[PDB]
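S.K.: here is my input; please provide its structure:
(one chain, ligands or ions: 11)
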Amino acid sequence: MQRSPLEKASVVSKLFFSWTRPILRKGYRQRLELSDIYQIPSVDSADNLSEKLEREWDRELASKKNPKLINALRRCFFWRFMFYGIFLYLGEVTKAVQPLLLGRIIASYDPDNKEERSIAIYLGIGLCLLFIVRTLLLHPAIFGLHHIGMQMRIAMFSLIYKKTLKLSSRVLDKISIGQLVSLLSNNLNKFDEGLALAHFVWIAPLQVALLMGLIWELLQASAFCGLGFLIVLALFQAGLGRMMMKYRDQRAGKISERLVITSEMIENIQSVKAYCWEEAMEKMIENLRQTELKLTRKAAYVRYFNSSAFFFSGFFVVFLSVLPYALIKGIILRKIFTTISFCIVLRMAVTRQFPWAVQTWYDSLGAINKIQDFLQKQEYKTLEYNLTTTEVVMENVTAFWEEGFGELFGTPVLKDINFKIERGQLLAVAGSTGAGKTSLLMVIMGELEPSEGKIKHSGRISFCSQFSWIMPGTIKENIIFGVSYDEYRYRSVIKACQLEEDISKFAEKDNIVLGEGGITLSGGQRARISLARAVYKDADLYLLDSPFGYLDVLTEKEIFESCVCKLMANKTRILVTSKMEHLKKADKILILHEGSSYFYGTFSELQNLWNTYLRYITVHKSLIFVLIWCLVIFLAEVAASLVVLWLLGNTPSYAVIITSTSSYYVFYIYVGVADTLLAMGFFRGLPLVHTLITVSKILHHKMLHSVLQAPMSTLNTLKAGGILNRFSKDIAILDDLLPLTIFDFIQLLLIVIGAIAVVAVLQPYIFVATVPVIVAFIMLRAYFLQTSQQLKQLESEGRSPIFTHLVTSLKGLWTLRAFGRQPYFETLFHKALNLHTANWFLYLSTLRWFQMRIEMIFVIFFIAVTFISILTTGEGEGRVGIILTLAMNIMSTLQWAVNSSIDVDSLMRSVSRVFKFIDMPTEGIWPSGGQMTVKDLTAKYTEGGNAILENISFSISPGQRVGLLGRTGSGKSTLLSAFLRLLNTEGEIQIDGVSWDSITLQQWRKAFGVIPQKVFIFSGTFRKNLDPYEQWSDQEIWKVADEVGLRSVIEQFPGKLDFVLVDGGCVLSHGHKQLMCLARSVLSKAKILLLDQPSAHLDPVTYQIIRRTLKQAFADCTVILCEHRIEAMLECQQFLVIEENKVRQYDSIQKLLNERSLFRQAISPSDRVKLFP
Ligand SMILES: Cc1ccc(NC(=O)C2(c3ccc4c(c3)OC(F)(F)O4)CC2)nc1-c1cccc(C(=O)O)c1
Ligand SMILES: Nc1ncnc2c1ncn2[C@@H]1O[C@H](COP(=O)(O)OP(=O)(O)OP(=O)(O)O)[C@@H](O)[C@H]1O
Ligand SMILES: Nc1ncnc2c1ncn2[C@@H]1O[C@H](COP(=O)(O)OP(=O)(O)OP(=O)(O)O)[C@@H](O)[C@H]1O
Ligand SMILES: CC(C)CCC[C@@H](C)[C@H]1CC[C@H]2[C@@H]3CC=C4C[C@@H](O)CC[C@]4(C)[C@H]3CC[C@]12C
Ligand SMILES: CC(C)CCC[C@@H](C)[C@H]1CC[C@H]2[C@@H]3CC=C4C[C@@H](O)CC[C@]4(C)[C@H]3CC[C@]12C
Ligand SMILES: CC(C)CCC[C@@H](C)[C@H]1CC[C@H]2[C@@H]3CC=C4C[C@@H](O)CC[C@]4(C)[C@H]3CC[C@]12C
Ligand SMILES: CCCCCCCCCCCC
Ligand SMILES: CCCCCCCCCC
Ligand SMILES: CCCCCCCCCC
Ligand SMILES: [Mg+2]
Ligand SMILES: [Mg+2]
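M.R.: Numbers count the residues shown, from 1 in each chain. Ligands and ions are numbered 1, 2, ... in the order given. Below, you will see the structure:
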């Protein structure tokens, strides 16, 4: 990155934002290359702000009894806040004395006003000076206030993450990914810009006090008639704001709930596709959206009135304030016009700048209070010893997973556990499923605090878990995991873990960029990477929680005999295992039985025992009808105003005194009141908001439908953070910020067009005067948008790394805290923060450049017309000055319409991003016997890549068992997915004579019942997790839970089959999820069954359930079983072996095993006697 141009600049350059020119002149011609983003200023780096706010917050916590976050931000930003507020106020007081000069200038066009024609040439100079000094005080102050919100947000987002890395394990079940994502997302671009409105809590009352004193000179005691109406309207607006904030509190939790459901299934898209579960997931998402949209509609109906208050307040204020004075005393047109000029500023101060400031304070303090409440949660306790002889000792330990039951003393997870091991000894833990072997490791690690007992060790540990975690990056980064790279140790760890066979088959071959999750790999490869990472680290104690689950017999034997028994034989290690062979060469054995130690000792003792607006409008056919309605009313209003004006000049005492040389005020008065005459009442503003909110519902439905049916090659290129970004932030934009911004843009545009047309009909010169300013405005807008759109696209793309890092850091909390790598991930998070900050700051600077340039154009044009008007006014009736000055009263509203157009264009980027996902590509009795025939099948994952499987041909027969097998990483899962055409494939398969291309895909996928390798469990009840379609009553559901063995597990929770599972089934063990998958497969009665390693981690006792199910529930079913364990191959009639990317088939298993001496040598004696009796 090249340096920031704001580091070396000039004062005269910092005042006008000239340093932003070099990029603006370039992004206009070509695209914006990478080499053109500047490095952030050193003051805007996450480290400095993070440490500064952290020091202040820690001092606040330590000293005071009642700590508060606002007291800590006050000691960092208050003096700059108050420094910029004063210049903002000085800029705002200019707008109120402007009439005191412009009115005298305008009144000199009447030859019967001789007093003010003397001093015109000095009023003009004063007006030019006032316009010059407003534009220099307003915009730099606003930019300085914008630059402080970014710093505050960056400083608080670091504290949130640093606290997240310390939460207790008993609090993680109350905070989801959705809550943190919502917290970050709703404050990511609005908290920055909210500081430019906070000072109007005290700026606006002063303006009211000044303006009422100025008006009091015109209408002596009648001004309070107009003031009281504004006070009542402000009471009404306060009530509207209070009632608006109620509908948003009821809606946040529903969005939080929807986000986790949306994120769960997209990261499990393959299981959803295999189950054919799209129609149920979409229905759940729709039911969630149904109520949230109702709350959003109710909030928008109130925000409409809040925004509409400003336009309808003009006529009433002016008429009400002028009527009594005019009734007790006649009035001149000059007084009326001056009153309009003052009331225009008064209404802006009262109805648009105060309530927005109040709502800004409400929202900001609401965010800060939630941030503080998060920072005051319960922390993980690390208080333990840090040095000893590393003699692991544990005594009298009992722990409860439920906090209440452990506080009262709910059944104990552990009961009276005690053991001791020396330096270098190996303890083997064994037991049934659900016995509590992983929870013992959690007790040792400190994740589960025991109620009674002690654990004593040093504090240096290495960890390997039952579910493997893969962080984004390459393999080498996943293994070295934040430390120095030692070549020899890396080589020996790679060789010991049997990874060189699979690594040599990769293309980049060591630097494969893995995604967040590792779905580019297989099960055993991820398991071996997770084991190698633990082996690499140096520590006194090594905990290994069933690493051999997904490995075959030969690979497991090699790893155990050359990585645990020869590489780290001089280190203390605790291994959770099941095989009777591993217990032979352990030093101490612990066996658990539902909580209690059934046996502790040795083995010698056990044997003794742009087409985007156009596409957006045409999404819904009712929007066009509403727009045509809004146009037909507007044209009638214009035609009525035209005839009421035309009937004044053609007709001839009364209260209002009007003459011939001062009748030109009739237009000046009209232009100031047309805001009320062309405003949108509730017959036009409520239908518009309603029909614009319906478009978001339609677009969300289309987006979700189109994502769920894309091919897997398209879906793998996506990331978790990008999906989460697009489904949270852009959708919230489309539901909240688009309707009312569009409404304001349309309102202002109609006002400008009506004001121009009505007058240009009666005087065909004011249009001619206005043209050259309109052309300049349009040219500058078109010049700026070319770069603005690119910068906005980059900023919108820059929010994905933050969410990706948040997700990956929440999924791997235990490994991070066990290894001690928190500073590493804090450094990783700071980089993503800086990367977003650069683009956001650049866009924010160029916007202010545009704003000040448009202001300068307006000011120079007005200065040009002022002197011409003053000079050309001869000895009476300054006709030249009557036209240009009125043109400049319509250009002032066009200036506001331009900025409204700018922010509408900035909000359409979300619409374009949403439309990009809708345009993804699309992947698109009979089952009597189940006979299958495969011919010339060839499978490959990516187009133009190596073929995992090449020219496979075999046949099966109805009602026959087939055993599929091979080495780890051979293509068993690839074959079982090529049956369902989940990837790119050629050749054919026919089932009972019916081929692929004869039928549709969704019908071909209903001939199969599948058990996958990765268990998918979403948030919901047990019953819903068993059937989302709700096809079976509780009779059959309980009858099947009786058979798969889930009665005692399900009855353990308070709502029997009504209990709600959170965090993806964290309440269950590893075997209970396998049993739920088996139940799912049993419930749907199919003919052809594809079982991908069903009994992964099950002990020998619980595999009996699987084999009884395969014996009784599947009788007339063609089964294909991909099993790594040797005993399951005793029921199969055919065998398929995958090797060298091709399949060889066998009838008997003896023929299979006699030809593989090494593989045949790896079989345990218990499983050896049965194969060869
Ligand atoms: C007495 C007082 C003085 C200054 C401030 N603010 C600030 O210094 C800053 C700030 C913070 C939040 C904001 C904001 C500006 O503008 C916003 F975007 F609108 O939100 C510059 C940091 N705050 C208070 C205050 C308010 C409310 C309660 C308490 C309390 O002590 O209980 C104290
Ligand atoms: N967060 C939790 N809340 C409540 N109960 C839990 C929680 N985690 C686990 N349990 C329960 O505690 C028991 C022990 O679970 P654990 O996973 O340690 O068994 P296990 O011996 O590891 O079985 P497996 O070898 O099949 O994983 C289980 O019966 C489980 O239902
Ligand atoms: N999504 C993917 N994209 C690219 N390559 C993949 C993808 N999934 C798997 N592979 C590669 O294709 C090969 C086949 O993997 P497969 O899952 O069939 O192995 P496996 O036989 O199931 O091994 P295990 O028994 O460990 O599960 C592997 O070497 C793997 O690296
Ligand atoms: C800095 C802010 C608060 C402005 C100060 C507010 C008060 C004190 C000021 C603002 C405008 C002032 C008024 C402006 C004009 C006149 C007309 C004159 O014939 C009598 C005094 C009177 C009525 C002034 C009284 C004081 C006044 C009301
Ligand atoms: C009515 C118009 C003119 C606005 C002027 C009144 C303003 C200042 C009033 C109206 C409602 C008021 C709020 C009503 C309730 C509470 C809750 C209390 O725990 C703190 C004060 C607080 C937050 C008040 C602050 C002041 C407040 C916002
Ligand atoms: C002179 C008069 C008109 C000034 C009025 C100042 C008002 C608008 C200010 C002063 C104190 C402020 C409040 C301070 C505390 C809270 C509690 C928080 O949960 C919501 C914001 C809220 C409710 C603020 C809203 C704005 C507030 C009420
Ligand atoms: C909203 C507060 C208004 C304060 C200014 C009133 C001015 C009254 C002047 C009386 C002169 C006799
Ligand atoms: C055939 C497309 C019609 C588009 C007209 C929409 C109304 C435009 C004026 C706001
Ligand atoms: C190009 C704009 C000309 C405006 C001057 C109007 C002439 C008025 C003649 C009485
Ligand atoms: Mg376990
Ligand atoms: Mg597999």
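
S.K.: number of residues surrounding residue 762?
M.R.: By other Cβ atoms under 10 Å, 14 other residues sit near residue 762. Quick note: C-beta positions are derived from backbone N, CA and C, even for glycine.

S.K.: in this structure it contacts residue 644, no?
M.R.: No. Taking contacts as Cβ atoms under 8 Å, residue 762 lies outside contact range of residue 644: 11.7 Å.

S.K.: does ligand 1 sit close to stretch 80-100?
M.R.: Yes. Stretch 80-100 reaches ligand 1 (Cβ under 6 Å from any ligand atom) through residue 81.

S.K.: in that stretch, what's buried?
M.R.: Using 16 or more other Cβ atoms under 10 Å as the test for burial, stretch 80-100 gives 81, 84-85, 87-89, 91-92, 95-96, 98-100.

S.K.: which one among those gets closest to ligand 1?
M.R.: Within the buried residues of stretch 80-100, the smallest distance to ligand 1 is 4.0 Å, found for residue 81 (Cβ to the nearest ligand atom).

S.K.: shouldn't that closest one be in contact with residue 149?
M.R.: No. Using Cβ under 8 Å, residue 81 is not in contact with residue 149, being 10.3 Å away.

S.K.: overlap in contacts of these two?
M.R.: Residues touching both residue 81 and residue 149 by Cβ atoms under 8 Å, 6 or more residues apart in numbering: residue 195.

S.K.: what's the helix or strand for residue 229?
M.R.: Per DSSP states H and E, residue 229 falls inside helix 223-249.

S.K.: residue 100 against residue 213, yeah?
M.R.: No. Applying Cβ under 8 Å, one finds residue 100 not in contact with residue 213, separated by 11.9 Å.

S.K.: follow-up on the earlier one: and the helix holding residue 229 with ligand 5, contact?
M.R.: Yes. Counting by Cβ under 6 Å from any ligand atom, ligand 5 is contacted by helix 223-249 at 234, 235, 238.

S.K.: how far off centre is that helix?
M.R.: 34 Å (Cα atoms, centre = their mean, to the nearest Å).

S.K.: following the chain onward from that helix, which element is next?
M.R.: Later in the chain than helix 223-249, the nearest helix or strand by DSSP H and E is helix 252-266.

S.K.: helices or strands up against that following helix?
M.R.: Applying 3 or more Cβ pairs under 8 Å, 6 or more residues apart in numbering; DSSP states H and E, we find helix 252-266 packed against helix 177-185, helix 278-312, helix 720-725.

S.K.: how distant is the helix or strand that comes right after the first one from the center of its chain?
M.R.: Proceeding C-terminally, helix 177-185 gives way to helix 190-193 as the next helix or strand, assigned by DSSP H and E. Here helix 190-193 is found 17 Å from its chain centre; the criterion is Cα atoms, centre = their mean.

S.K.: list the buried ones in helix 190-193?
M.R.: For helix 190-193, a neighbour-count test (16+ other Cβ under 10 Å) marks 191, 192 as buried.

S.K.: got it, and stretch 222-238?
M.R.: Buried residues in stretch 222-238, defined by neighbour count with 16+ other Cβ under 10 Å: 222, 223, 225, 226, 227, 229, 230, 233, 237.

S.K.: before we move on, what about stretch 1133-1144?
M.R.: Using 16+ other Cβ under 10 Å as the test for burial, stretch 1133-1144 gives 1134, 1135, 1136, 1137, 1138, 1141, 1143.

S.K.: and the fourth one, that one's in a helix?
M.R.: No. Note on residue 1137: no helix contains this position according to DSSP: H, G, I helix; E, B strand; the rest coil, which reports strand.

S.K.: and the residue positioned nearest the centre of the chain, how far is that from ligand 3?
M.R.: With distances taken as Cα atoms, centre = their mean, residue 725 lies nearest the centre of the chain, 3.5 Å away. Separation of residue 725 from ligand 3 (Cβ to the nearest ligand atom, to the nearest Å): 23 Å.

S.K.: could you measure from the residue nearest to residue 352 when sequence neighbours are not counted over to residue 359?
M.R.: Nearest non-adjacent residue to residue 352, counting by Cβ to Cβ, 6 or more residues apart in numbering: residue 310, 5.2 Å away. From residue 310 across to residue 359, the span is 15 Å (Cβ to Cβ, to the nearest Å).

S.K.: between these two, which is the more surrounded one?
M.R.: More crowded of residue 310 and residue 359, by other Cβ under 10 Å: residue 310, with 20 against 17.

S.K.: please name the residues that touch that one.
M.R.: By Cβ under 8 Å, 6+ apart, the residues touching residue 310 are 347, 348, 351, 352.

S.K.: turn those residues into JSON lines, columns for secondary structure and distance to residue 289.
M.R.: JSON lines is the format used below for the contacts of residue 310 (DSSP: H, G, I helix; E, B strand; the rest coil; distance: Cβ to Cβ, whole Å):
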{"residue": "347", "secondary structure": "helix", "distance to residue 289": "38"}
{"residue": "348", "secondary structure": "helix", "distance to residue 289": "38"}
{"residue": "351", "secondary structure": "helix", "distance to residue 289": "34"}
{"residue": "352", "secondary structure": "helix", "distance to residue 289": "33"}
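
S.K.: quick one: which of those has the most company?
M.R.: residue 351 (23 neighbours).

S.K.: show me the helices in the stretch 751-900 of the chain, by range?
M.R.: Along the stretch 751-900 of the chain, counting by DSSP state H, counting those that start in this stretch, helices occupy 766-797, 800-811, 813-819, 822-872, 879-887, 891-918.

S.K.: and the fifth one with helix 766-797, angle?
M.R.: Read that as helix 879-887. 30 degrees (axes from the mean of the first three to the mean of the last three Cα atoms, to 10 degrees).
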